[PDB]
Amino acid sequence: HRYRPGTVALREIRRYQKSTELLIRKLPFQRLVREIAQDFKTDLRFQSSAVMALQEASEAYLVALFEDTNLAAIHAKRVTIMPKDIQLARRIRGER
Amino acid sequence: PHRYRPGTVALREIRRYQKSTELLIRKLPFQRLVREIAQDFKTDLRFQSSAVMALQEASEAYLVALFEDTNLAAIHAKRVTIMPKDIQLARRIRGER
Amino acid sequence: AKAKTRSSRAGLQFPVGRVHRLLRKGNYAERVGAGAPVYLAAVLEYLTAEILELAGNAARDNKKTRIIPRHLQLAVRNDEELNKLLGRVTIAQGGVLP
Amino acid sequence: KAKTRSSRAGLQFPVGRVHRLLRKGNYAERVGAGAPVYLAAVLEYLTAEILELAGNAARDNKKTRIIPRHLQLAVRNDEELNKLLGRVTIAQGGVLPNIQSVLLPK
Amino acid sequence: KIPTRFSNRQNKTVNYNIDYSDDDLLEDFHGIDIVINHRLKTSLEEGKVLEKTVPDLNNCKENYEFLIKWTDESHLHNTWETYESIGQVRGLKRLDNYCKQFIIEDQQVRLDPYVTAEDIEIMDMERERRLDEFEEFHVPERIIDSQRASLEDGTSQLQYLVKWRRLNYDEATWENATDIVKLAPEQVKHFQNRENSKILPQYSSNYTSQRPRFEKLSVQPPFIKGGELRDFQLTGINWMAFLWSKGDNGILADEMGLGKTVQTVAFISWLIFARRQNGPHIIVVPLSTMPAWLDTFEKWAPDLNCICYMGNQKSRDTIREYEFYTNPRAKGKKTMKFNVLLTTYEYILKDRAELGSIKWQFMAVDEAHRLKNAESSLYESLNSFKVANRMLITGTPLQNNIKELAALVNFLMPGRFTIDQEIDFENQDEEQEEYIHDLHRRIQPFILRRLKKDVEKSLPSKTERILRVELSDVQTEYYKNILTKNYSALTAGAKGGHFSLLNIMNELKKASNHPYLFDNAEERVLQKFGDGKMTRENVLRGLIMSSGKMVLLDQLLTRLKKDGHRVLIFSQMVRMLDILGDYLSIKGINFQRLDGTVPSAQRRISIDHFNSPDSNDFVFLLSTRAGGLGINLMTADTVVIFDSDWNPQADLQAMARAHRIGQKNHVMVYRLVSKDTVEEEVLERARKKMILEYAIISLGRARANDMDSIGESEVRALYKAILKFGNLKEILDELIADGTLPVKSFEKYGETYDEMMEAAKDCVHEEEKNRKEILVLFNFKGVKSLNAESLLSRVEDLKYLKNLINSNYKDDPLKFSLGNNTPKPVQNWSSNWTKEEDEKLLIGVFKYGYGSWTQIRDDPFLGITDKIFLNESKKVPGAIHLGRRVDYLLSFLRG
Amino acid sequence: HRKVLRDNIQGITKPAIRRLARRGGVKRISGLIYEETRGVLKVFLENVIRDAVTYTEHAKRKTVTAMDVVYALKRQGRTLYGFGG
Amino acid sequence: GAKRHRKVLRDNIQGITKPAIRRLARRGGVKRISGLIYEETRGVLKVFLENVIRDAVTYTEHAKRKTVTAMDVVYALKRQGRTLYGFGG
Amino acid sequence: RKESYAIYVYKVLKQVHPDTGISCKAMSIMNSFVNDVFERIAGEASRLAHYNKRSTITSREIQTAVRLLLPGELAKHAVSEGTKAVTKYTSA
Amino acid sequence: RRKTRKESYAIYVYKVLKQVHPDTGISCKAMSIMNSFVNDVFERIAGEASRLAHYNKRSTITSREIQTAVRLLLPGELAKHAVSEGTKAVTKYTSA
DNA sequence: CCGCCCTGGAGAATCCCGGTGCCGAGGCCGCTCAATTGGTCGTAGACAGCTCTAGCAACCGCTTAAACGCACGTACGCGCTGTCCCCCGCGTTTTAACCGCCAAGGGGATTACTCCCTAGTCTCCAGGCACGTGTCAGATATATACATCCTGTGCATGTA
DNA sequence: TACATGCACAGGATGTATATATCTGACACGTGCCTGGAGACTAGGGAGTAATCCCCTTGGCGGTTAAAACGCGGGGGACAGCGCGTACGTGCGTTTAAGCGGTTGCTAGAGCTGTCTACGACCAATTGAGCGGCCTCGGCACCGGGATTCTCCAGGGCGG
């Protein structure tokens, strides 16, 4: 069961495009959410489903942004995504 | 005789058309296009002249803003010439097609 | 006379009386016609059936007997028109298309 | 008596017309008494914000009347008005002069 | 099943299958596992000179040799290799990582003169600990199975599946039996007894709807080989046995130090060796106490087959494969091989499916206050178990409210009692005192509590002293601003508005302990009292003065140091322990620290460094709830409760770390309370609880069977028994225990044995009269073909050998010596069959019997593992030849 | 009922497309851009005109007004100022 | 040494680890990833969250509450063109 | 007493796939979907009534809002479903 | 018969212009753009306040809904200066 | 003696100033509808009290897989070079967009009048939610008949 | 003549697939109630229809000139190829912290019942603010004639 060299990335793409679980770990993400919310109001409480909804939405957003970033990389005749590809994708979407 | 180098007149025209505000497509050809597209939805339609003018303002704004994104996509590939694949990339990233 | 539901008079499964009550209380107009809730309940039921048929086919193609959010995602993103109607929408625990 | 609610709030925008438009737009069953006053004050603030910048842009071109070009320049040069009107087309407005540096001659 | 609605929309069909395969992308070892220790010389030391400097990695490679644990080995195969010796193999990076820290870095620190001698000796002690641990891996602990594997042209040597002392079942390995018996024969002996055992779950008396009348006794039973069972320990066994006979479930509630583990082990011994209830028993304990449980079963009940069920997934699979059922491979329902199983709370939740589907006979839960909540996962997992009797062992049956005691009772008696009311000391009506009397009377027949003072009187008394100390100026400022939610003053000196007012009680306690628990309080003080105090000894003033408790604590410490006393300081917050560990650091006192971040390896190091006779440590900072119940600091004398607890038992357990059996001084306790704060609401609420516990607890098939009818299978069993042991009149209960003979009375077996020998004697008499006429089988109760002559002659053979060995070499059956005269050898067997082989065969028939040749072959105590080839080169000896050779050797011995 | 119009997308000449690209800041243009942009423009116009004719038919009119176009644009997220409303 | 100073703790944005960002790029179909991507991605996420939370907290303060609920997040997402299904009940 | 569309979604499922179930998370997604399209259609019909100086939302408004909101073939079949239902409701 | 009246904001926009630039004029087309701007912002604020009242099961639109909608729609410093302007107007109105 | 770089100038394009004349921006006026005032009346929403559940802070313990640090090799990105394709700049010809004027008439806007469809109100009952229970098919342990197989005994040649 | 190892054979003990009783979990049946939907009736305004006006949309014509079309030379930029070097992926050993289970008391908030008053809807009478119509004269657009600013190429000078 010896795989070829250079096939680890393709197997990971096939693995993570089949599953549906969240890919960020819950405890770190929740700490981040509370730190950001601290700057708008002090002593806030969160329902557990509010943090779950935030995580679902933020990961959907990042995955859909990596698809456009990949298209920008293939346009420049590369296979490696770079920060300039994220910046192009976000400026054409109308965020920058 | 005298000749300007390639690209000099193009930059001069970029400065000319980025100062003006008038419409850049001729009015009569655009009106015929509007009426031909509409006759495939309902026959014997009439148009107020301000309706055709609103359609032309919106069409030219849409096309100018699309050429800005197409130019960014061409520079991203380290070119200065825009190509059909630049329009296709910009429209795909916008979410159109 | 004995009362018949307004949804059974139209041959529908979706509740016509509840759709009427939601139109009257959503500040959509001063008045609501009699055929407006019937028409709207028929359209809601049609779109529900369209999605559920494709989602059940997707659950059957993966050897399952129960629809989960993954099957709804697959059904929507594979249909061109449903994908257009739900283009700016995120289905939770839905995944992506391979 | 006979005194408009605009003069009682110190405003130029019509409070009574705004109240009528709230009661007839199907926004709720009832409309409070301070909602028209607040909304008219906000609309007046935003109008003054854009008209100040448009008059400045009219002065920079040695003009004494505001034309759509000046409203466009005002909006697209202010960072927060540009964000409020990000998906709006101003007719006969043109664009901002902006050439990419890669295209300039070396 | 037929759809009544379709879509007329003409969209193309889609394949929704998302299952993929990675096959299109295609086209157990012997390496270093662990590095135990090294040696100064790789070969020979040509010179001890140039001891200065620290060696380089290359220098270590050419100057040392290492003891290497090899993968797929078993520590007994550890060899001394060199970088050059092994050369290149897997795990070489592990060897480099060893050289980097144990040779290079370690010598580096020993060359620096900034390291005190007390640190050098610590590193020497630590190295000693490491190697002392690596020694325990050689010692075998338990033999799991034995197979007769065939080596590469190595006949069929015997292999023992050995588990090692400080390792799990994923580390158990096969070993050559000849070496195992040389290493530890006692465990080989235990494996022998456990192999053919009488105590088996399938052969237990089914006491159903009628149990024998227990007799209260006053004699330490003979099947309790541990030692001298105390009187208060003997009392508990009678209590538990009475409760079992009636069909009830109790609670052992003695205090710590009275040996509650010994009493329950001895009770299981009684439950097995008396009422013959030796089915699967289960004992659920906390992990930290699992060692002390195991050895107890190893000392007070060495005959019981007790197994420990814990470890990783692979290690827990090994146990189920080899030690659960008598025959695992059989497709039909499997039996149970063990008597007692020991597990922890973690695996009751992990493997509830593999463990709940067992007909247990007795459950015992240690530290049962873990079950004080009927909505926990452990509670709902232990109630789904199909167990007969139950028992809980807890030193604190009730701690806070009365709902905890209700949950414990509903675990024992699901429906008997109904405790659905809570005591309130506010109403105090006569009906409530009646409720207290009612419950205190109803639960008494199910709780056995004893005290460390009512028995074992030699114990110095403990006295508690409460001290109320008022707040300071910074403390009063913070307490005021928090009590009014004044955000501005609290956030004026804050880094990002970090002052959170969620949970106000928590903030009032942080203020009542030390203002430095809040952020930037260090900046307000020091700068606003002695601006420019960036030097030490002036910062110490900031610590000691900014808190009302720091003042009293500092005075107490200076007073207590000169006297001959040691201090244990307990706190709820580990951040307060950081502040105390800084005050003691600037002062210069030697202290130890144990909280929830200190790993278990460093904890015992700290505890022993504190209890050493030459210990420069003065105080021990302790988290109140950390460590568990096993910490023992009896050398200390004073206990300072810095922060109180909502649960009074949590502070009593912190006092018991110095006031235990073995304490020889008067323990003095100092509570620190801040007056006019929320701290006083804790003590008061604690006191109520201390009174409630003193008011409720601390006041005192398809075919039917038969009975004794002998059938065809019974006669065949007795006939095969007369073909082996023969004279079994004195060994009838034994064969009926291991399941050889069916469940019949020993009287009927003796009657049938007399009838068997008489029918055989009459057969040989008829054969005698039928052999001299012109000059051997007989049916018994249906069973045809029964050799009478051979059987009676075999009876005389076995009886001759018995009266030749039961009185000669009784206390040593192995140490046996045949006569000086030697019988003629065999007919040239495939092995070197000498006289010692004959003597060992004589002992084998005595221990394992006749016909059982596979048992005689598999026993390294004789030394004929490879000399007999019954079945797997066709060898000469056999099952008929060994029997004829015994009948020839014994006939040579008779004359 | 009037006549039939045909081949009017070619009235969007190459010079006009170059002027639109110059206002977007484009310096150099491929020769394949002109048919590509004609296609893009035709799709955009079909969407807006479909929505505006829907609005006109609902009001039972025969003339497309400027408010119909403004509503059709607004509902696609392209608000237009300066034609009423 | 210095034990009372509750510092020397990793930042919360760094809890979005590099393996997590790589899994997210894999679900998007990316093959190779630059080393500078990981700090870029953290900056993008942090902006996104700041826009949603600012709106949700607004919806929470209007209701006179101190608890951010799931409906506050659903409304905040809906008003910026990112409708989410599955929590609205 | 949450008041959702769960039982009606279940009745429709038993017509398209009689031998198929649905999980609880999927049922909540279908509930969000029916609420979302209700709000879109009712809002668009509200604006159609305001543009035309009308006070009533009728079947004609619902038909035009369906033609504006659904793409292509979905709109054709939804219009025929609605028309059939109103015709059956009236002649009854 | 009679030319129906048509309401616009032109006279109020003109008053505000004379307060900000006393000597500047405005053309017909720019005045039409300003009228469209006022109507668009009105619709946005009033629609968000309507939704706010529905989410909280209220039957009234009050100045609290207008304030919350202004905070949701305007970005940054525009929102701060707008809420101060609105609060000042309601204070002057109520004290009269 | 050669290569490159600076500059000088010529010409094209753009800016600037003055003059003209136009047509819409801004003011005035009459009136007429919508905003204002004043009164009545009902209910929306605020407040209260009470019960039950989640969330929070700051600790504890255990297991295990993930995160991380480092060593190293090679695959990819990037830079340079040459060629040749194709787009730009510009001049000459062709075509059609634009402007101004005119006329017809189609349809949208207004007004008056009518009638029918929806809100409001009130009575009455069953549809949908929560709950409990009888029932049947699937998974499962077990008795049972059938079947393959290891095993132990009587006959036979060899040695004493 | 008699004792002992080698050999062939007979026959029951243990292993296996099958029918059967047992346990169980989802499915279908029955209960209740209560609240929201349906039936009935009335008033009144919104929506529909007809007749009329008038404006603004479509159509035609004719001239003019700006813009588009087209041809062509050539410069530069697209693109392919090649070589290098370093950053990215991979593996492997070690640490760390997430996930899960747990404590203890308090508070926020939802849900329910119930009271009560201030506020906003509604209405009639009044009046003044804003709209449509009319008019005029100034900011702006266009034109023309220079002034200047910018692009580009060739020649002279200077360094290598």
Side-chain angles (χ1 to χ4, degrees), chain A residues 6 8-9 25-28 45-48 78-80, chain B residues 1-10 12 26-29 46-49 79-81, chain C residues 1 3-6 17-18 21 31-34, chain D residues 2-5 16-17 20 30-33 63-65, chain E residues 93-94 97 287 312 331-333 346 349 370 373 376-378 400 502-506 572-574 596 623 625-626 628 646-647 702 827 879-881, chain F residues 13-15 28-31 61-63, chain G residues 17-19 32-35 65-67, chain H residues 1 7 54-56, chain I residues 1-7 11 25-28 58-60:
Chain A
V8 184
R25 309 198 88 172
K26 296 181 47 179
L27 206 48
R45 310 164 70 242
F46 284 86
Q47 286 187 359
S48 46
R78 288 187 273 97
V79 300
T80 312
Chain B
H2 176 87
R3 290 187 59 97
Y4 285 98
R5 289 178 55 181
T8 294
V9 185
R12 182 192 306 161
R26 294 288 163 269
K27 285 177 175 53
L28 210 51
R46 297 158 77 93
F47 285 88
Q48 297 183 348
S49 53
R79 288 181 279 106
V80 296
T81 312
Chain C
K4 291 186 56 61
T5 40
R6 279 192 286 170
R18 176 184 303 187
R21 189 198 79 215
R31 290 138 50 90
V32 180
Chain D
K3 202 172 197 302
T4 68
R5 296 184 266 175
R17 178 178 297 183
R20 186 200 78 215
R30 314 161 76 78
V31 178
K63 300 288 169 52
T64 83
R65 298 206 207 110
Chain E
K93 203 161 73 173
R94 316 189 183 188
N97 299 338
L287 174 63
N312 47 80
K331 299 290 183 62
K333 66 177 180 183
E346 283 69 46
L349 297 175
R370 172 81 170 79
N373 178 10
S376 56
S377 298
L378 186 62
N400 305 281
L502 301 175
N503 201 2
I504 285 291
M505 172 82 66
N506 175 75
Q572 295 291 329
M573 321 180 184
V574 306
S623 191
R625 286 178 172 264
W646 295 107
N647 194 4
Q827 288 296 328
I880 308 178
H881 310 90
Chain F
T13 56
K14 167 188 170 179
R28 214 173 181 259
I29 312 171
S30 181
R61 287 191 318 259
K62 297 184 179 178
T63 297
Chain G
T17 54
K18 153 187 177 181
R32 311 228 315 171
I33 311 180
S34 181
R65 284 190 315 250
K66 304 158 193 174
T67 303
Chain H
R1 284 302 203 271
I7 72 169
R54 293 297 206 265
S55 311
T56 312
Chain I
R1 332 291 183 276
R2 195 211 182 278
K3 190 175 180 181
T4 305
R5 290 184 173 184
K6 183 64 176 180
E7 287 181 346
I11 59 177
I26 190 170
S27 67
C28 180
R58 296 289 189 256
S59 306
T60 317

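Note that these values count all heavy atoms, side chains included, but never hydrogens, waters or copies made by symmetry. So you know, we letter chains A, B, ... as the sequences are listed, proteins then strands, and number each from 1.
Atoms CZ and OG1, from C:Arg31 and H:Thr56 in turn, are 3.5 Å apart once rounded to the nearest 0.5 Å. The line from OG of B:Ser49 to NZ of B:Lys27 is 11.5 Å long, rounded to the nearest 0.5 Å. Summarising the geometry, atom CG belonging to E:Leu378 is positioned 4.5 Å from atom CZ belonging to E:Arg370; distances are rounded to the nearest 0.5 Å. Going from atom CD of I:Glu7 over to atom CZ of D:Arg20 covers 4.0 Å, rounded to the nearest 0.5 Å. Rounding to the nearest 0.5 angstrom, the gap separating the CZ atom in D:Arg17 from the OG1 atom in D:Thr4 is 12.5 Å.
In this structure, E:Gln572 atom CD and J:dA57 atom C1' are separated by 13 Å, rounded to whole Å. If you measure from atom OH of B:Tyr4 to atom P of K:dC150, you get 12 Å, rounded to the nearest angstrom. Rounding to whole angstrom units, CG of residue E:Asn373 and P of K:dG101 are separated by 13 Å. Atom CZ of D:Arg30 and atom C1' of K:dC122 are 11 Å apart (whole Å). One can place CZ of E:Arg94 at 17 Å from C1' of J:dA71, the figure rounded to the nearest angstrom.
Across J:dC62, K:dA40, K:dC131, the shortest atom-to-atom separation from the side chain of E:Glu346 is found for J:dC62. Comparing atom distances between the E:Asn506 side chain and each of J:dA57, K:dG39, J:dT32 picks out J:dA57 as nearest. In this structure, of K:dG99, K:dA40, J:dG89, it is K:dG99 that holds the atom nearest to the side chain of A:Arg25. Minimum atom distance to the side chain of I:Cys28 is reached by J:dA25, of the listed J:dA25, J:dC88, J:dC60.
The residue G:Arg32 sits close only to the backbone: its heavy atoms come under 4.0 Å of sugar-phosphate atoms, none of a base. A:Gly6 comes within 4.0 angstrom of no nucleic acid atom, judged by non-hydrogen atoms across all strands. Using a 4.0 Å heavy-atom distance criterion, D:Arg65 is classed as a sugar-phosphate-only contact. Residue D:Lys63 is in sugar-phosphate contact alone, with no base atom involved, counting any heavy-atom pair closer than 4.0 Å across all strands shown. E:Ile504 comes within contact range of no nucleotide atom at all, as no heavy-atom separation falls under 4.0 Å. Within 4.0 Å of B:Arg3, counting heavy atoms only, lies at least one base atom of the nucleic acid.
Here, K:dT117 and K:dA40 have their P atoms 43 Å apart, quoted to the whole Å.
North puckering is assigned to the sugar ring of J:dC59, since its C1'-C2'-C3'-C4' angle is above zero.
Between E:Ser377 and the phosphate of K:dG102, there is a side-chain N or O to OP1/OP2 separation shorter than 4.0 Å. Note on G:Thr17: every side-chain N or O is 4.0 Å or more away from OP1 and OP2 of J:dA66. OP1 or OP2 of K:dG76 sits under 4.0 Å from a side-chain N or O of B:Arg5. H:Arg54 has a side-chain polar atom (N or O) that falls below the 4.0 Å cut-off from OP1 or OP2 of K:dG48. Considering only side-chain N and O atoms, D:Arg17 lies nowhere under 4.0 angstrom from the phosphate OP1 or OP2 of K:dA129. Checking the phosphate oxygens (OP1, OP2) of K:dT104, a side-chain nitrogen or oxygen of E:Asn400 falls inside 4.0 Å. Listed pair I:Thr4 / J:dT110 meets the phosphate criterion, a side-chain N or O lying under 4.0 Å from OP1 or OP2. A close approach under 4.0 Å does occur between a side-chain nitrogen or oxygen of B:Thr81 and OP1 or OP2 of K:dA78. Taking 4.0 angstrom as the limit, I:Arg1 places none of its side-chain polar atoms (N or O) nearer than this to OP1 or OP2 of K:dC54. Residue E:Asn97 places no side-chain N or O under 4.0 Å from the OP1 or OP2 atom of K:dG93. Contact annotation: F:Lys14 side-chain N/O to K:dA68 OP1/OP2 distance is not under 4.0 Å. Taking side-chain N and O atoms only, G:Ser34 has a distance below 4.0 Å to OP1 or OP2 of K:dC88. The side chain of E:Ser623 places an N or O atom within less than 4.0 Å of a non-bridging phosphate oxygen (OP1 or OP2) of J:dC60. Between A:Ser48 and J:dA54, a side-chain N or O to OP1/OP2 separation shorter than 4.0 Å is absent.
Comparing B:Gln48 and E:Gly332, the nucleotide of DNA chain J nearest to each residue sits closer to the 5' end for B:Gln48. Of the two residues near DNA chain J, H:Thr56 and F:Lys62, the one whose nearest nucleotide lies more 5' is F:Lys62. The residue among B:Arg12 and A:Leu27 whose nearest nucleotide of DNA chain K is located toward the 5' end is A:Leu27. Heavy-atom nearest nucleotides on DNA chain K were determined for E:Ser376 and for C:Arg6, and the one closer to the 5' end corresponds to C:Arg6.
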(request) Check the pair E:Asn647, E:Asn400 against side chain to side chain contact (heavy atoms under 4.5 Å, CB included), reporting the backbone distance first and the verdict last. (result) CA-CA 6 Å; E:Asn647 194 4; E:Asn400 305 281; 3.5 Å; yes

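With hydrogens and angles ignored, no donor-acceptor pair closer than 3.5 Å exists between the side chain of B:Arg46 and the base of K:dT58.
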